[PDB]
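Quick setup: the structure tokens below cover two forms of a single protein chain, split into structure 1 and structure 2.
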Structure 1
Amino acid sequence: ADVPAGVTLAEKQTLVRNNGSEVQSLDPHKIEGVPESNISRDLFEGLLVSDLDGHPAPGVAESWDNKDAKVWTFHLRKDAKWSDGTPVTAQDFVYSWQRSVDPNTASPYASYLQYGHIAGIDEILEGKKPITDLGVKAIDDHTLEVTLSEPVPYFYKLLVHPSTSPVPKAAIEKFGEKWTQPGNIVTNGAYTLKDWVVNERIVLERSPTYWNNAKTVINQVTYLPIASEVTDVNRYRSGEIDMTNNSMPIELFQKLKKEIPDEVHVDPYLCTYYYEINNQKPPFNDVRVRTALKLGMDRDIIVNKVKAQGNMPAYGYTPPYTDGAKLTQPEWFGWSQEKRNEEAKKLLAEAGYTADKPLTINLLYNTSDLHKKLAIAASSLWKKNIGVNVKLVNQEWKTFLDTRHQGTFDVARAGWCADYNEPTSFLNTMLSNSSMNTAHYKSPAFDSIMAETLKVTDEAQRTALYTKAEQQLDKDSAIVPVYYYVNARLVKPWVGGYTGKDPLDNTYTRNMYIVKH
């Protein structure tokens, strides 16, 4: 923590946070989701961490460098330690990354390091080659070299993810699935595990062996598993909880913002809500049709009326607060909605759709109260604004996904959330060849712009190329952007060190402190 000049710290440095649900695992290679990731960041530390602005900063690695973005060397601090006092070494990371990708581990995030194209990983993931073929090696006890099969300039940024944290081989081998129990677990983060009471609480204690412990302020943090969002708020109001989980209904959000607005933190998050157009099915292979749909949607109504949760109207795919993004708002976004509607209907007229002979589209969405509500709202705006008729169509997750990959739809409710804070986390899903491209968008120009982002060495040039990529997407109207996500939580005014500037909400108890109150 960096306690600002002049702040007086409370005598009692303890914190109670609601974590939203019972975490199932504390093992970094078994976790999935936010609740497990929150606790993981307190217990285990990777080569890099996210600073208060969400930018990469030194973790176990004090520095790093690279040759052509293909061979990366991490210089581990020599005083990094586990909770049993033993050194964190480069071999810990070799063991851990091999375990991460091993199909025997069945990690929910097994494929996460494939974003980095570590040599050998594709076949290792499929179980066709041994984990010891992975291009990670310990040059000595404090030096890790990672070899990639192609250039990845942003490789270092991936290494804040909890699935890239080290784990202790000796504990795992001695205890198996019981290695994370309070008596057995060995950790290298700012905190250790004290108590784990199922359905009650997880209690972590400040770890004296942590290399940066002199800068840690909170001595104990408790994580609670309250799934009821209103209950979480009630217990916050009663003084038991210092920080709620980052979720609440809209009507309670509205009331809280009126009574304690500074305590309701509404923070941008790297997900985009959009309608995915199937670009390969007629008439949606017609850019004029796609453009009409894009312009006809009224984002302001969706965001201020049908939501009112402080979600921000979207003009593109990559959120503009993505680190590495400097996005231009397209001209159409600064028009009035009527002007958008007019220009839209004009486009539809050219494509042969006028008031006598209008377009009908089917809108696919996965069964959900939010998605149903938005889809009814979407249908109504397109009908009224641009004369387009919409037939709602709903399916169950597995079928909804399969349908999208098969291309048996017109337009689909969609959301994408970034796995890491860099524009490629969104943009690579629109490459023609991407297995994630359910828009079925195929633009040689787009792919060409993106290919070049891996060749440039200058960050400013890369950023300019990502902007060009978004501009190409928008010119082709690949999708209908609706909004960029926010997450809301309550934080007591005496809880310091929570800025909300990290759009992946990768926070750490070691950054926080209790102000005297």
Structure 2
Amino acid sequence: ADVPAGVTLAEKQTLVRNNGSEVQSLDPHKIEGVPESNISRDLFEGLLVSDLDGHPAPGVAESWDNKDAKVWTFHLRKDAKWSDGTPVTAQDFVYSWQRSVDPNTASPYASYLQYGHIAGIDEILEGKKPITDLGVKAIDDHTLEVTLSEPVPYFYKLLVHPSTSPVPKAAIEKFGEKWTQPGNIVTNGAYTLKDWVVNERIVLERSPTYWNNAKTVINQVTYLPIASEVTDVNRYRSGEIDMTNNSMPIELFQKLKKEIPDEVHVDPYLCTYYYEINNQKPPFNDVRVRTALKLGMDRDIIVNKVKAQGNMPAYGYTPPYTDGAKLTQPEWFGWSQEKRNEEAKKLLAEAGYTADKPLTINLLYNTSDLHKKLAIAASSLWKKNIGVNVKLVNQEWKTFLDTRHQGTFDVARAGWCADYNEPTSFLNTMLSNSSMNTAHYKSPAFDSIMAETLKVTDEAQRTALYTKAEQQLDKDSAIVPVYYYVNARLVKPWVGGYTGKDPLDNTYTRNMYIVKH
């Protein structure tokens, strides 16, 4: 943290914040959700980290170079240590990245390093070659060489993501699946695990072994797993939470803008709210049925329920304000809702679903006051607009994510946040082979377009190819886009270091401090 001169720090340097749900795991290779990453960024530090403006900055790697954006050499700082006193070495990153792509690890972020296209990754992920063939090697203890199969100038932006953090070989081989237990875990972040009580709290305490511990201010941070946005807000107002989750309850947000405007932060957020179609669950294997759902959803009615936050209606998957995206709105977005509804009922009727023989689907969503309200709305809209019956199923955050991977759902409330500020961070999730493809979308045409992005001469072509992928995704109605997120949360006036200028919202407890109150 960088405390401004003249600012008086408080006696007690503690922070409470709501994470929004109970985390999948504290194992960096066993997570895929934003809540999981919020804790991982405090516990584990990768090669690069996000600065206050969201730009890649030095982490364990103090400098780095590249040749043709193909061979990346990372120079690791020599005072980089684990929580057991052992130094963080290039070998840790070889082991860690080899583990992440091991079929036996079964990481949901297995395909992440495949977005960087590290040498020999393709055959390793499908279990044809061994993990030791991966194009990452320890040239020495403090020098890591990453060899890629094609040029990727945005490779370095990937390396802020927790699924790219080092993981301690000793602890994992000693404790197995018990390696993240409070007493056992070994961390290289600014914090280590003090306590973990399921559905109550995760307590981290400042790790003195951290190389930059001299600049850490917050001694202890608590993450709460409160799914109810109403309860989060109420506990914040009762003075028990310092920072809410960035999910605001539809009903109270207008009240909160009026009463505590100074404490209400709303900033750009590279995430898309959408209704994810299981493309392999009948009748959603039919593109006509999928298109009927896409058109039959009224975004304007839905967006007007969250108007106070100022969400823009969504016409695609990749946020158009994503760095290197010049997206075009599809013709159907320009139509009236009455015209979308007619065309949707026609397309349904072609597939043999009419008023007389109706379509009944299950809309899955993760426990939430925001998601329940917008689901009831969406359910009602689809019923009046295109005569589709929509029953609501709710599950806890962990089960929700599992259900979508297994493909045991019809349509799920979905929300993707960019891991790095580049359209591939989104678009690569819809690749046939991607471990993050919970849509189960398989288009050789879409895969072909994305493969073409790595054979490009200038960035102007790369941007155009991304727009063609978004168009193909839209033509195949892979998803029902609803609205592009904003980063809206409540932050007590005594919490400093939160600027909200990072559009990925990759904040670190080590960057924050408590002003006297």
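Take the two forms, superpose them, and find the largest set of C-alpha atoms that agree within 1.5 Å; that set is the rigid core. One-based numbering along structure 1's sequence throughout.
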Hinge candidate matching the rigid-part switch between the two structures, set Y485, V88, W211, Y223: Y485
Treating the chain as two rigid parts, how far in degrees does the smaller one rotate relative to the larger between the two structures? 43
Taking the rigid core as the frame of reference, how far in Å is the Cα of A418 displaced between the two structures? 2.5
Rigid core fit between the two structures: Cα deviation of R510 in angstrom: 0.2
Taking the rigid core as the frame, how far in Å does the Cα of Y154 move between the two structures? 1.4
